[PDB]
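So the structure is just underneath, and the comments pick up after that.
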Ligand SMILES: O=C(O)CNC(=O)C(=O)O
Ligand SMILES: [Mg+2]
Ligand code: NI
Ligand SMILES: [Zn+2]
């Protein structure tokens, strides 16, 4: 069995190996990368996403989100308070202000310590989930707006043509902006490219151990767990590495830097934080191996998780017994 300890693997594809996206995902899986739940892909030195980032300041962040925490430093929830629209240039200036800027630090490990000590005492503002792309249309390799769609994959594997579309999303971050513990919708893959700026630290639980994280979460968030049998779909709960280690939960960590891709694998729980002003692009995708995870994915039906238009068909075709209840949650 490849990668039996479920370590995060780092790949360095050549320019020739960077041509065929599906083939390279399959290769990484042949080497056991999925067992970790997360992999890093460093593009060949010949590649670039676009020519420059000098002209992005006028992108609008229509609904910046202030991430307000409740709880204790290692075990907390966050809610998202909507703020007035601002441009990427305005948001960058805000991120660099004395109130929001990254503190002085020695190295990534010192910053990670400071994050977990201090996160709850601040409310950073995240420009998340903005439909759009920063890849140049002429970038032919690993262009996250030109991937095979999940609807086409389902049709290729299962024969059923379905409605829906699959487009990327931009994330503008600042120090302490946080992504809560989650798997993807329908336990899909994700791919995330860090276009510019400061790093992003990731934590991940191997897919084979995901239910251990879920059981801990039910213990640590007992009201939320009574409210919903899949409350991590709400994407609000944070648990620190220290708390995970105290509770014996298997996990790994890695820091992504600008110019690097990360891939999350089906049912790989992940969480993390941004080091300072940055911009990432991410999208969900599927492979043949995903189908069985899609069929078994948990679902929130309490009403809180509220998701895209395109998830309807995935539930309807892969999970027909759950469909009616899930859709009640959506309406
Ligand atoms: O970058 C973020 O805030 C969150 N990203 C992801 O969860 C991802 O790419 O799957
Ligand atoms: Mg612009
Ligand atoms: Ni994710
Ligand atoms: Zn729910």
Restricting to region 110-130, what's the tally of residues that are touching a strand residue (DSSP E or B) at 6+ places or on another chain (Cβ under 6 Å) and outside any helix (DSSP H, G or I)?
-> 8
Residues in region 238-256: is at least one within 30 Å of residue 197 (Cα to Cα), in contact (Cβ under 8 Å) with a residue 40 or more places away in the chain, within 16 Å of ligand 4 (Cβ to nearest atom) and in a strand (DSSP E or B)?
-> no
Residue among 174, 186 that alone is over 17 Å from residue 284 (Cα atoms) and either within 16 Å of ligand 3 (Cβ to nearest atom) or over 13 Å from the mean Cα position of the chain (by Cα) (or both) = 174
Quick one: count up the residues across region 109-140 that are over 20 Å from residue 180 (Cβ atoms) and either buried (at least 20 other Cβ atoms within 10 Å of the Cβ) or within 20 Å of the chain's Cα centre (by Cα) (or both).
-> 5
Conditions (1) touching a residue at least 60 places away in the same chain (Cβ under 8 Å); (2) part of a strand (DSSP E or B); (3) within 27 Å of residue 314 (Cα to Cα) -> residue 201 fails only (3)
Could you list, in sequence order, the residues of region 218-235 that are more than 13 Å from ligand 1 (Cβ to nearest atom) and touching a strand residue (DSSP E or B) at 6+ places or on another chain (Cβ under 6 Å)?
-> 220, 221
May I ask you to list the residues in region 276-320 that are crowded, with 19+ Cβ neighbours inside 10 Å, within 14 Å of ligand 3 (Cβ to nearest atom) and in a loop (DSSP other than H, G, I, E, B)?
-> 297, 305
Restricting region 62-90 to residues that are assigned to a loop (DSSP other than H, G, I, E, B) and in contact (Cβ under 8 Å) with a residue 24 or more places away in the chain, the one surrounded by the fewest Cβ atoms within 10 Å (Cβ to Cβ) turns out to be 62
Restricting region 16-41 to residues that are within 23 Å of residue 137 (Cβ to Cβ) and in contact (Cβ under 8 Å) with a residue 60 or more places away in the chain, which is farthest from ligand 3 (Cβ to nearest atom)?
-> 19
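Read-outs: derived from the displayed coordinates by stated rules, not from any lab. Counting neighbours? That spans all protein chains shown, and the Cβs are built from the backbone with ideal geometry, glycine included.
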